[PDB]
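Enquirer: Pasting a structure here, questions to come.
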Amino acid sequence: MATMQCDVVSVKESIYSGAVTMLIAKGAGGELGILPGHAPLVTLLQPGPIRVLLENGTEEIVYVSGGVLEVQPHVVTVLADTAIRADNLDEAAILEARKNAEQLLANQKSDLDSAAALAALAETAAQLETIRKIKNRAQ
C-alpha cells in the first residue's frame, strides 16, 4: 500500500513522525480515515484513540483529547491538546482517576460534580481502552 508522511503533535511535544499506510483519527464526531494521496482536509479532532498504520503492516495506537486535524496531499498532521502513546499510557494513573470517578458518580449530589466525574470517567476509560487494545489486541 502507498505511504504518507504522518506527524502527531500535542501541547507537550511531537509524538509521531514518519511514513504510514493509513491513519484513523476521530474527528467531527465520526471516524476519519486518511489514505496516502488524499486531498487537503481540515476538521476538528475530537477525543479518541488515533491509529497510525505503517508500511510494515504495523499500526500504532495513540490517545488524543482533541484539537486540530490538518490533512495534506502527501502529509498528515494531527494536533491534539494531549497525546499519549499506547505504550507510554500509564494504566496506574488512569486506574486511579477511573476509580475516583466511579466512586464520585455513585455519590453524586449535584450536577456540577457529576459533570466533572462523568467527564473524567469517559476520559480515563479512553486511555485504558487504548492500552488494553494495544497490549492485547485480541478482539
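Since every read-out is calculated from the coordinates, none of them should be taken as a lab result. Please note: Cβ atoms are built from the backbone with ideal geometry, for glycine as well, and neighbour counts cover all protein chains shown.
Enquirer: Does at least one position in the stretch 55-67 carry a residue that is on the phi < 0 side of the Ramachandran plot, touching a residue at least 24 places away in the same chain (Cβ under 8 Å) and more than 18 Å from the chain's Cα centre (by Cα)?
Expert: Among the residues of the stretch 55-67, at least one is on the phi < 0 side of the Ramachandran plot, touching a residue at least 24 places away in the same chain (Cβ under 8 Å) and more than 18 Å from the chain's Cα centre (by Cα), which makes the answer yes.
Enquirer: Output the qualifying pairs, or none if there are none: Cβ atoms under 6 angstrom, residues six or more apart or on different chains, first residue in the stretch 82-111 and closer than 30 Å to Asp7 by Cβ, second residue of a type in the set (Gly, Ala, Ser) and not in a strand (DSSP E or B).
Expert: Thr82/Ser65; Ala97/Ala120
Enquirer: All but one of (1) part of a strand (DSSP E or B); (2) crowded, with 17+ Cβ neighbours inside 10 Å hold for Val68, so report the exception by its number.
Expert: Tallying (1) part of a strand (DSSP E or B); (2) crowded, with 17+ Cβ neighbours inside 10 Å, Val68 fails exactly one: (2).
Enquirer: Taking the stretch 72-114 as the search range and keeping residues that are in a helix (DSSP H, G or I) and small (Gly, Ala, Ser), which one is farthest from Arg51 (Cα to Cα)? Quick ask: steps written out before the conclusion?
Expert: As a first pass, look at the stretch 72-114 and keep what is in a helix (DSSP H, G or I): 91-106, 111-114.
So of that shortlist, the ones also small (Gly, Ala, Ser) come out as 92-93, 97, 101, 106, 114.
Working: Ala92: 22, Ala93: 22, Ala97: 24, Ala101: 27, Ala106: 33, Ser114: 31 Å.
If we take residues in the stretch 72-114 being in a helix (DSSP H, G or I) and small (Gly, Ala, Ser), then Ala106 is farthest from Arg51 (Cα to Cα).
Enquirer: Moving to a separate point now. Based on this model, can you work out whether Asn100 counts as closer than 17 Å to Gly18 by Cβ and either surrounded by fewer than 16 Cβ atoms within 10 Å (Cβ to Cβ) or in contact with a strand residue (DSSP E or B) (Cβ under 8 Å, 6 or more places away or on another chain) (or both)?
Expert: Numbers: closer than 17 Å to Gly18 by Cβ: no; either surrounded by fewer than 16 Cβ atoms within 10 Å (Cβ to Cβ) or in contact with a strand residue (DSSP E or B) (Cβ under 8 Å, 6 or more places away or on another chain) (or both): yes.
No: the conditions fail for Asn100.
Enquirer: To continue, here is another question. If I filter the stretch 43-65 for residues that are exposed (fewer than 13 other Cβ atoms within 10 Å of the Cβ) and under 23 Å from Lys12 (Cβ atoms), do I get at least one hit?
Expert: The first filter runs over the stretch 43-65 and keeps only residues exposed (fewer than 13 other Cβ atoms within 10 Å of the Cβ), leaving 44, 56-58.
From what is left, the residues that are under 23 Å from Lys12 (Cβ atoms) are 44.
The answer is yes; a qualifying residue exists.
Enquirer: Okay, moving on. Answer with yes or no whether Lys133 is out of contact with any helix residue (DSSP H, G or I) (no Cβ under 9 Å at 6 or more places or on another chain) and closer than 28 Å to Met4 by Cα. Walk me through how you get there before you give the answer.
Expert: Details: out of contact with any helix residue (DSSP H, G or I) (no Cβ under 9 Å at 6 or more places or on another chain): yes; closer than 28 Å to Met4 by Cα: yes.
For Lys133, the condition - out of contact with any helix residue (DSSP H, G or I) (no Cβ under 9 Å at 6 or more places or on another chain) and closer than 28 Å to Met4 by Cα - is met.
Enquirer: If you go through the stretch 81-97, how many residues are surrounded by 14 or more Cβ atoms within 10 Å (Cβ to Cβ) and under 15 Å from the mean Cα position of the chain (by Cα)?
Expert: Applying the first criterion (surrounded by 14 or more Cβ atoms within 10 Å (Cβ to Cβ)) to the stretch 81-97 yields 81-86, 89, 94, 97.
Still in the running and under 15 Å from the mean Cα position of the chain (by Cα): 81-86, 89, 94.
Selection size over the stretch 81-97: 8.
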